[PDB]
């Protein structure tokens, strides 16, 4: 690959410079090159990978939503331009999701390693299928929804067995799986029930956490609570 001649340590250093420069496409390319060295990622490295691609895909999802809205407001009756441009953005978004899903399958998702790492990557797999599901139609969408559910469910099973209710990876997975239920799977009752259980069981354990831990967990609990506010 394009990063094949660069030292792993140098790719991680350049990913952090890219993040400081808000150059997220560069950050993602450096992190992909580091993953392709075939060594495990540290906790910090996983977060760099996640930040890089979340920012790339985030800009494409926001663009697709702007163009989709303009497209739907002009479908009350025109010209092909809004549809053509929305299709172009959609194909780019799909390209990024396919890149991430390929890295997860080829390099990162293993039977071994700590629960936190396994949950982190299966959650990412569910997230990137969820993004494909947002733009998919027909048979393809049904296949993608099944893939998303299967990755999220596998991560939920591990997180419930191996991590405490306030673990931020466990919380973030439950938040995202609840959004999957609500917005993709059209199961609002499952979305609400999951969010409420996650929030309540975390609330019971807060007194046990250190300063840094308390911050990380309550940030995610506030998002759970905001969705419950919106949904109920």
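Numbering follows the first chain given and starts at 1. Note that the rigid core is defined as the largest set of C-alphas that superpose within 1.5 Å between two forms.
Superposing the other copies on the rigid core and comparing 16-24 to 208-216, farther C-alpha placement in 9 other deposited structures of this protein marks 208-216. Take 61-69 and 199-207, fit the other structures onto the shown form by the rigid core, and average the C-alpha distances in 9 other deposited structures of this protein: the farther stretch is 199-207. Not even a third of the other compared entries skip residue 88; each one keeps it along with the residues on either side. Annotation: residue 78 belongs to the positions left without coordinates in at least a third of the other compared entries, with flanking residues modelled.
Gap between residue 77 and residue 78: 4 to 9 deposited residues without coordinates. Per the PDB record, of the two stretches 158-166 and 121-129, 158-166 carries the greater mean B-factor over its C-alpha atoms. The stretch 186-194 shows the higher mean C-alpha B-factor when 186-194 is compared against 60-68 in the entry. For the set 203, 175, 48, 35, the PDB entry puts the maximum C-alpha B factor at 203.
Highest CA B-factor among the listed residues (112, 93, 82, 144): 112. Sorting the modelled residues of the chain by their CA temperature factor places residue 209 in the highest third. Annotation for residue 139: C-alpha temperature factor in the middle third relative to the rest of the modelled chain, per the entry. Residue 105: CA B factor lies in the middle third for its chain, per the PDB record. Residue 5 sits in the lowest third of its chain by CA B factor, as recorded in the PDB entry. Looking at the C-alpha B-factors along this chain, the one for residue 86 belongs to the lowest third.
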